Amino acid sequence: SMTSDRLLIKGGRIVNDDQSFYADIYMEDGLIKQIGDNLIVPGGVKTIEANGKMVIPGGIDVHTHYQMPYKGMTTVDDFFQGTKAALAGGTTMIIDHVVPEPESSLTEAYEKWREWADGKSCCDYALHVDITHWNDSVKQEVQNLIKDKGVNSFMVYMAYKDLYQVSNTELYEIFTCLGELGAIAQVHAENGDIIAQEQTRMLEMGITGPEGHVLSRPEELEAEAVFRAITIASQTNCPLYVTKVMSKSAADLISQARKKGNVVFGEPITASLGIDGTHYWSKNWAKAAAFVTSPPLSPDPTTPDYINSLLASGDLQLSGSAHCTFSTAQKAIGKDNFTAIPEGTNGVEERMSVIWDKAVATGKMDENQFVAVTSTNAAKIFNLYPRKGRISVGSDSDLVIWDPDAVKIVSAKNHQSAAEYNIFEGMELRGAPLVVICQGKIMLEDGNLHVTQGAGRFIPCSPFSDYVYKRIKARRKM
Amino acid sequence: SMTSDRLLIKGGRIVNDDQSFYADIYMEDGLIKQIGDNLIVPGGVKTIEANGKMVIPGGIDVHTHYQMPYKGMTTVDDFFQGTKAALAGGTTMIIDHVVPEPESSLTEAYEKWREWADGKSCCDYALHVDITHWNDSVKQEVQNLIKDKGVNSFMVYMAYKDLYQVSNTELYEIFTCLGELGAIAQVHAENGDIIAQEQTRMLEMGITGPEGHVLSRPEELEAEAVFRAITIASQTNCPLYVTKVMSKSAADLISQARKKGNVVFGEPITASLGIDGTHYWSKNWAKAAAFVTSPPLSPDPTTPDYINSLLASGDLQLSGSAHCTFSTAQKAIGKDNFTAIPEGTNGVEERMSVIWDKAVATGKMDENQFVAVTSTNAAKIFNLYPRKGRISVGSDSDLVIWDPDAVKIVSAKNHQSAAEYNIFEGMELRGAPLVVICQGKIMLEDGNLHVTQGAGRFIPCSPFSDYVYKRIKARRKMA
Amino acid sequence: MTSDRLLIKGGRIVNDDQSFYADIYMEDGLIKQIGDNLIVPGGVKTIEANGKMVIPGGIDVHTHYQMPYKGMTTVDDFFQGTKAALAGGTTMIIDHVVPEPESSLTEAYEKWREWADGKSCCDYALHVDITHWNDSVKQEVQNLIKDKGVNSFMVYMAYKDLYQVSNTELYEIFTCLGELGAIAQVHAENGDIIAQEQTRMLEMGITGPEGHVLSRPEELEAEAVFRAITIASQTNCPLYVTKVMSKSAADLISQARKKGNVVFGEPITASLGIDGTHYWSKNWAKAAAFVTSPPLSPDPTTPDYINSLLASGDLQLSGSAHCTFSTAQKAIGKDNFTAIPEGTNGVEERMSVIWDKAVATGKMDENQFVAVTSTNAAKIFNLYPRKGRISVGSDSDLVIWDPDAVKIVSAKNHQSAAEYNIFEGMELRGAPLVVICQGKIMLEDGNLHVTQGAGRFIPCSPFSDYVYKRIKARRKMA
Amino acid sequence: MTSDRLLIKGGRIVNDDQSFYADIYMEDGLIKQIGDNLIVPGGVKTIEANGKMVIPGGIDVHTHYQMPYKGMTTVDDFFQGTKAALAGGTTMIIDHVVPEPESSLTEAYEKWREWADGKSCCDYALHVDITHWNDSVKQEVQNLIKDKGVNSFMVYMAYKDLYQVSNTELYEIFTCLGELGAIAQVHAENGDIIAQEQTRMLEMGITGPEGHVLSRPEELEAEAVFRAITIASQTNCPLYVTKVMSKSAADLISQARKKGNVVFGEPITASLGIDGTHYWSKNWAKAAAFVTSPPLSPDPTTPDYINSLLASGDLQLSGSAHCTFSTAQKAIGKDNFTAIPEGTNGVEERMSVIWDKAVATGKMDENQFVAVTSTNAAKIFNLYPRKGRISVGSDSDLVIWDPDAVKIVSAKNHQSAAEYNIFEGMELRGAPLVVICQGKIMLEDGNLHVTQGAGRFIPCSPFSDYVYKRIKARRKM
Ligand SMILES: [Cl-]
Ligand SMILES: [Cl-]
Ligand SMILES: [Cl-]
Ligand SMILES: [Cl-]
Ligand SMILES: [Mg+2]
Ligand SMILES: [Mg+2]
Ligand SMILES: [Mg+2]
Ligand SMILES: [Mg+2]
Ligand SMILES: [Mg+2]
């Protein structure tokens, strides 16, 4: 790593995913150098007294959309403001989605994302590459991005008919390929064919408000796509990763598949963990539009509690935010037609507090599983353990002094995001970060961010991570 | 109905789906005329003494393929020999599938099926019409078949890519249309896109035998299609009917949907009720080929017991056979490539004994639920109750004197089918018919069939049967 | 016995198997002809149904009229309670004989017969509660079945040190009832754990009615149900779960039936109509009026789900457990929820509640409605087709039902002596217009026409086919 | 002359969280360094691992060495039985203290300590069975937790009129154990209904071993499991289901865990390795050798399924319940299955069975194998990371494991004194090559090198985080 001053944290309760213990932590030049008691260190090292508070690995948000092109527009939180929002909330790494235009080069899109992120990201980051269309030369590009460019994760779309949607035949070809090359097959799993029809029906009945968005994507259509993707991934002996798990029925399909032995992961996001979809019916149009995202927040109010429960039980493994913010003015292009409302909400800053408040303080999971679902499982899946997601000697110095007793109200007044709205507005959350260390530097202290634009490094992610692929390889050899 | 002599059955245990009781039955001119004791009857009426044996409504096999065209060939049991096989096994009505070629007229195919069946069927029958392609004029034909030709059931294919398979958009349009017109939407539910790929893979590894057939259609691909069809049918408020339920996973999806309130039916067949798919690996090639059907018999040997269990519990509702037989010589065209083995097995003659043996004698269901899953549920679904599927005054005189203590070994030597092979060969089955009455005539007595070719009548089936559609209509009336 | 001739014309006859238009001619308690242009004597009283539905009269399989309780008696006796039944479209009731422990079952039965024969407005039958067990009770159970028209007996898993029976006793009882051809009913909650949870709730100063529901969480219904299912399966005895209140309990029955177990579930008007949120009402007397065991679930998703399973056949029939107490009797428990007497209303509202919640919402059709209000009860209890069916030879108990009528339920207007109605203010679609019982018009134009004691006891034979054919075939097997 | 230093080179270290290549240096019972080109003293004994796996030693959480039974004793004592453990790659065992009803728990514990301290070849710990319940037992439970290194106590739902406790007692016991930070274990079968079914089976003339399985159908395991789960949930007490034998029982645990309940399941070698069809063997002695409670399921789909749920984490850890009896002791029950003493072998075969049934079949990887053979047991029983992990500072118990070895299991070749092996003739992929325990080489080249009594008792503190942090948070709402 890059240089950073020496730094010693004393009296912390170190909390990894496997255990908790009291020890001091000595850091230098981006790395954790020693862990233990009465450490022999040079004189005059900057020393932080943790005072029994928790020290956890920094959060890894595996799903972001910073400065994402969308129909001429760009999301309002770019790689600089968006990672300030990440760090403010205890997240020290992000993994964004490269989105090439159909009939455009995957690799050129990747180079373009790299230039944006290398110049702006405050913290370390990596990339998924979205497979928005499929043909032989895309397949060649996929191969090269894995071999040469530090990519191990690719997402296909089952939604967005005539834009990104791929057929069952293409899903089989793609999964077959990604499995052979040791990559993670990600999906955006909703049935675009049926959604397309339901949109038309909803518009025809005169339902043009944001409620038309959630009503034309009932969870049954997420569940169907998830099952179909699970089925095809199983036949092609390819590991599957369901992005943005929003409904109970979808999560149950992942739970059921994992019990059978299928290699399948589920990624709930801050939105589905934090809140429900009743606000699509808000008399305040701009508020309702701010919740518009796909798949949508479920209107079933039992949903968020249930998603936290399955994240706690390991039926879901890791969290993201799918942070994809648009301005009030950009949202308003869809005022008389919900299909023109740009899709996306906030959630990068709030992810870790939401999970602590909903799943730890309610007793569903303990602090160690909290570390697993905020960083360590992401690190293992994406072949970043234990460099990330673990406080141990040799690992990167990304870590957070966490206060389980802190209590904050979430507001757009106070968030790092450029967005005028926050879908978690007015929610009181237990659990918050006090101090954030990233690359061995103090980037959050006493409410203040200390960041340098572009300091973030791209972290290449190798294929065939053991946690995912050893089972796959044993199944092949049979 | 047409003329038949008067006929009296005395001392029977009448077994309907709702109750059992002792009464005599008087029949005349195709109809049941009286039911009760010490019936006042004319002199010289032919009288059959039932001697405490069961009298049940005749079986309705809701899935047959008599003399079906298949790639230049024809199945070997035509409408005449095939309904002799039906009657020999206690089935008095069949419902066959009209299969029009893609891009061809549904109505012309229907007329062709009517001519074949009207001239040959020994017993009453009706028709499903397969929607093998979709466009505006097919939709117009569907409309007319329902209005003018006594059709209320249509099947779509999720399998057979580039032959019959329809897209999700087409599934939605079809289910929307069939639901509006009051028809039953049937599905052949397997994922044809993935099967196509898996066939290619299996051939490339050199697996050309019949095991390649089952290995390229694993139950996962039935289940997926079933779930997708269930999902679309729910969104379009259309009742769904899953034909040939073969696996545990598929039947669980139907079970799960019904519990949520979805109007969904499942049709296991004699094959999935009677036996498993281990025989695809038989060293006798011709035997293995004889089991080749789609979806295939599951290799999981726990499957038949479980399918009977869910038919007993009402998670599955009715039985068919999908009787679709080919000769040894016809099967053999697929000797070097499992994909060219013609698809289909026997099962019309054995359906009722198989269910009795596997579900009634093992205690899973009682005799009354046996009547429901062999006739009465079929009658209610297809809008034929109580003319069929019930012994009561005014109903048709199709009925069977059934012996719950009889025990028969199934063999190709003894079956009515023209096929050289029987997939239930050597199986001992408890429960068998003794006497069969159809149109008020004795068509099976003391082991002998008494049939007239072409005596069968086409039974028109009206749309909007209450059992299926009252719930649908009530749902149409809400937000 | 005698009733005037009576003809109903222009009705839509609705049985559980089909619906059709025909006229109905009745005489001397029996249906005599069904069809069109019926040849009948001159001057027969004629009712024009005008296309409205004619259904078999309701069979409420669970009542507690004038039930002894701690010196007191429920306020609806066999006369007032069956007026309430008939007002709501129910023409038959089946009440529970409750002998004191250590007391004769048969003497209690004779006492119940005298009360009911002298007061019941309509036909009725009896369950006998097995409140203790020993060899002479077993002899009595045998006599009641052979000689006294009883085929249904209930054991208690709740009420420790009062009625609760041990696992050993359950096995003996289920073995015996199964050999003699009877229905084994259960009040299935774990009384041992409830006893402890009561103590705990009192010790946290929770004396209000919320303590009642909070000390009987559904987990304790579910446990008992599973244990009763298990023992009944080992002893090859059919099981009948009374008062199914929770989702978890109904799922255990659903699951058992799918495995082929002979098991029935009896939801009641309360669990079908409403939830348990009202145990937290600041109006103490209102909250106390919901106190019954097992309790109404506080999970508001419960009533919709119970209707769903009744629609799907996972539950088969409905009762009310009508067991009413006065405001003054309820108030005994004002400082201790354990002294609040247990029971609510529901006999009058059962059929409207099910129509409104399950038929008008599209979950079941009218024919399944007849099944769950009369025909399945008749088959289980060996009363088909004398009851639960409009056909020649059956008893003339029937109702002209208006699927379009709309009524608000109030204590002002109910037949019950109780000051409170748990369904107060609820608007219900579906209501009876005319009620015929024993061939006599007992409800017409909002007015009841009853004769005290006109009801007959209906003996119920053992071994009903619907229940026992499967059991017998299993007995015969190796 | 005074020390055991030991270096293992060229191993593939396999922990439950990750795998990597490094050398391992050990001294005086501890792992001292892990890495490459380690600076080490001259003349240190060096073992070349040659790319083979190095895993933490197995922890068998369920044994019954030299257990009393009706005046008799199981034939594998603490010495021979831990030789069998080590031979199969297990370096720690946790046995059950069984006090007689109406007898002191603490006196039974002292007796178990004397037996085991004098004989065990390897480290060990103890569960204490609560075979009866009253105020002074409760006092003893408290003292064993505070002063005697016990954190795990088992109750019985079976054995009516011998050990069985009532629902009220279950509630009291779970309430107490939860407050004191202990693991509540259960032997979960309905003893009331089993007692009846035994009598019925004898009265039909079914006296052979088939009567044993037929009188304990899995329905009765499942019922007891659900009841125990239910009571433990109400009392906010963590529950541990010993000897998970059936699919239905394991589903109940799976279902509870998904709801958030703190519940663990312990399949054993028997339910992981084989089924119950052999209760019908015409060879009586063979059938009797399978007699254990709960019994092996006759449903042959069972062992595959148990492995599947152990792979998915629906079950967490493995034991053997090693409880062996001689042919002669088994034969007491020749005319009555109820007199057949209950127990089978399994300590030696546990790790190879799991590797063969779950790793070689692709259900789980090698790292989850480590979790279900040692690391999850260590975390549950408050022994992580001293046990169940190859890391600096942890105990030097570890195994060089050969994923490619293939062995046939036979009684000819096992360490056990028993004449019968329920896994007789089974071919198993996966075997240990070398076993290190307390830093000493106790297995090399097919030979055991053990010293009787070298084992140490390992005190197990209450409130292990993995189990109790969720419980405490719930207490606090
Ligand atoms: Cl879309
Ligand atoms: Cl196909
Ligand atoms: Cl109680
Ligand atoms: Cl026992
Ligand atoms: Mg940079
Ligand atoms: Mg004809
Ligand atoms: Mg009277
Ligand atoms: Mg009640
Ligand atoms: Mg020692």
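Residues numbered from 1 in each chain as written, not as in the entry; some residues may be left out. Chains lettered and ligands numbered in written order. Heavy atoms only, no water.

Method of determination, as given in the entry header: X-ray crystallography; reported resolution: 2.40 Å.

### Regarding the sheet that holds strand β11 (residues 153-157) of chain A
Residue and element names in this part refer to chain A. Test applied: A pair of strands counts as paired when DSSP detects no fewer than two bridges linking them. Numbered from the N terminus, helices here are DSSP runs of H or I no shorter than four residues, and strands are runs of E no shorter than two. A fitted line through C-alpha atoms represents every axis, and for helices the fit uses only the stretch in contact; the resulting angles, taken between N-to-C directions, go from 0 to 180 degrees. Here, two residues are considered to be in contact whenever any of their heavy atoms come within 4.5 Å of each other.
Ordered in space as β6-β9-β10-β11-β12-β13-β14, the seven strands form an open sheet in which the pairing is parallel. Lying at the two open borders of the sheet, with one neighbouring strand each, are β6 (59-64) and β14 (264-268). Sheet twist, expressed as the mean angle between neighbouring strand axes with direction ignored, is 25 degrees. Pairing between strand β10 (residues 124-130) and β11: two bridges, direction parallel. Across the sheet, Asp130 pairs through a bridge with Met155, a residue of β11. Helix-sheet contacts for helix α7 (residues 219-235) involve β12 (184-188), β13 (240-245) and β14, and the interaxial angle to β13 is about 165 degrees. In this fold helix α8 (residues 248-259) packs onto β13 and β14, with an angle of close to 155 degrees to the strand it touches most, β14.

### Remarks on helix α1 (residues 79-88) of chain B
Residue and element names in this part refer to chain B. Put simply, the rule reads: Three labels apply to residues, based on accessible area from a 1.4 Å probe with only protein chains included: buried if under 20% of the type maximum, exposed if over 50%, partly exposed otherwise in between. Contacts described as polar in this section are N or O atom pairs within 3.5 Å, which, within protein, must combine one atom able to donate a hydrogen with one able to accept it, while residues neighboring in sequence count only if both atoms come from side chains.
Of all ten residues in α1, seven are buried, a share of seventy percent or more. Taken together, the buried positions of α1 are occupied by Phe79, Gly82, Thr83, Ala85, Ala86, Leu87 and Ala88. The inward-facing, buried residues of α1 contact β9 (91-98), α2 (106-120), β16 (428-438), β17 (441-445) and β18 (448-449). Looking at where α1 begins, the residue whose side-chain oxygen comes 2.9 Å from the main-chain nitrogen of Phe80 is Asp78.

### Remarks on the coordination of the magnesium ion (ligand 5)
Residues and elements named next belong to chain A. As a reminder of what qualifies: Coordination partners: N, O, S within 2.8 Å of the metal, 3.2 Å for Na, K and Ca; water not considered, so apparent gaps in a site are possible.
Here the magnesium ion (ligand 5) is held by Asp118 (O), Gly454 (O) and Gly456 (O), and the distances to it run 2.3 to 2.7 Å. All donors to the magnesium ion (ligand 5) come from one chain, and their sequence spacing reads D-x335-G-x1-G. Linking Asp118 in helix α2 (residues 106-120) with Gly456 in the loop between β18 (448-449) and α15 (466-476), this pair joins segments that are 338 residues apart in sequence. Under the relative-accessibility criterion, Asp118 is labelled partly exposed at 30%.

### Quick look at the coordination of the magnesium ion (ligand 9)
Around the magnesium ion (ligand 9), the protein contributes the donor atoms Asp117 of chain D (O), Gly453 of chain D (O) and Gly455 of chain D (O), which lie 2.1 to 2.3 Å from the metal centre. For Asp117 of chain D, a relative accessible area of 30% puts it in the partly exposed group.

### Some points on the packing of helix α3 (residues 135-147) of chain D against helix α4 (residues 167-180) of chain D
Residue and element names in this part refer to chain D. Just so we agree on the cut-off: Angle categories are assigned with fixed cut-offs, so that under 35 degrees is roughly parallel, over 145 is roughly antiparallel, 65 to 115 is roughly perpendicular, and the rest are oblique. Throughout, a crossing is termed right-handed when the near helix is turned clockwise from the far one, and left-handed when it is turned anticlockwise from it by less than a right angle. Each residue gets one label: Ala, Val, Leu, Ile, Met, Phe, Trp, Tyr, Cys and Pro are nonpolar, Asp, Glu, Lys and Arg are charged, and the others, such as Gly, are polar.
Direction vectors running N to C along α3 and α4 enclose 25 degrees, while the axes themselves pass 11 Å from each other. Judged by the angle between their axes, α3 and α4 are roughly parallel. Taken as a pair, α3 and α4 cross one another with a handedness that is right-handed. Across the interface between the two elements, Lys138, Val141, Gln142 and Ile145 from α3 touch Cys176, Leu177 and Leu180 from α4. Split into classes, the residues belonging to the contact of α3 with α4 amount to five nonpolar, one polar and one charged.

### Topic: the interface of chain D and chain A
Going by this rule: Note on definitions: buried area is the accessible-area loss of two parts on being combined, 1.4 Å probe, summed for both. Salt bridge, as applied in this entry: a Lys or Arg side-chain nitrogen positioned within 4 Å of an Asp or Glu carboxyl oxygen.
Chain D puts 33 residues into the contact, and the matching count from chain A is 33 residues. Both faces considered, chain D and chain A share a buried interface measuring about 2100 Å² in area, 45% of it formed by carbon and sulfur atoms. Taken together, chain D and chain A are joined by four salt bridges. A salt bridge links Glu367 of chain A to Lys469 of chain D, with the shortest nitrogen-to-oxygen separation between them at 3.1 Å. Taken together, the links from chain D to chain A amount to 14 residue pairs in polar contact. For the side of chain D that touches chain A, the elements supplying multiple residues, two or more each, are α8 (247-259), α11 (302-312), α14 (366-380) and α15 (465-475) of chain D. No other element matches α15 of chain D, which puts six residues into the side of chain D that touches chain A. Here the side of chain D that touches chain A is built from residues that sort into ten nonpolar, eight polar and 15 charged.

### Here we look at the side chain of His212 of chain C
Residues and elements named next belong to chain C. Of note, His212 is situated in helix α6 (residues 210-214). Under the relative-accessibility criterion, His212 is labelled buried at 4%. At a separation of 2.9 Å, a polar atom in the side chain of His212 contacts the main-chain carbonyl oxygen of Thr292. Not counting chain neighbours up to four residues away, the residues in contact with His212 comprise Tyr279, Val291, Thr292, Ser293, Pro295, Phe337 and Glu342.

### Notes on the interface of chain D and chain C
In this complex, chain D contributes 22 residues to the contact, which on the side of chain C involves 21 residues. Where chain D abuts chain C, roughly 2000 Å² becomes buried across the two surfaces, and 60% of that area is made up of carbon and sulfur atoms. Counting the contacts that link chain D with chain C gives three salt bridges. Close ionic contact of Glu223 of chain C with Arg227 of chain D constitutes a salt bridge, the shortest N to O distance being 3.9 Å. Scanning the region where chain D abuts chain C turns up three residue pairs in polar contact. Looking at the side of chain D that touches chain C, the elements with two or more residues in it are α4, α5 (191-203), α7 (218-234) and α8 of chain D.

### Let's talk about helix α1 (residues 78-87) of chain D
Residues and elements named next belong to chain D. Counted residue by residue, α1 has seven buried out of ten residues, so it is predominantly covered. Among the residues of α1, those classed as buried are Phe78, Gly81, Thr82, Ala84, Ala85, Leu86 and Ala87. Buried residues along α1 sit against β9 (90-97), α2 (105-119), β16 (427-437), β17 (440-444) and β18 (447-448). Capping of α1 at its N-terminal end is provided by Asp77; its side-chain oxygen lies 2.9 Å from the backbone amide nitrogen of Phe79.

### Regarding the sheet that holds strand β13 (residues 239-244) of chain C
Residues and elements named next belong to chain C. With parallel pairing, the seven strands of this open sheet are ordered in space as β6-β9-β10-β11-β12-β13-β14. One side of each edge strand has no neighbouring strand; the edge strands of this open sheet are β6 (58-63) and β14 (263-267). Going across the sheet, the axis of each strand differs from the next one's by a mean of 25 degrees, ignoring polarity. Two elements, β13 and β14, share four bridges in a ladder whose sense is parallel. Within β14, the residue paired with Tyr240 across the bridge is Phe264. In the packing of helix α14 (residues 366-380) onto the sheet, the strands contacted are β6, β12 (183-187), β13 and β14, and the crossing angle to β6 comes to about 65 degrees.

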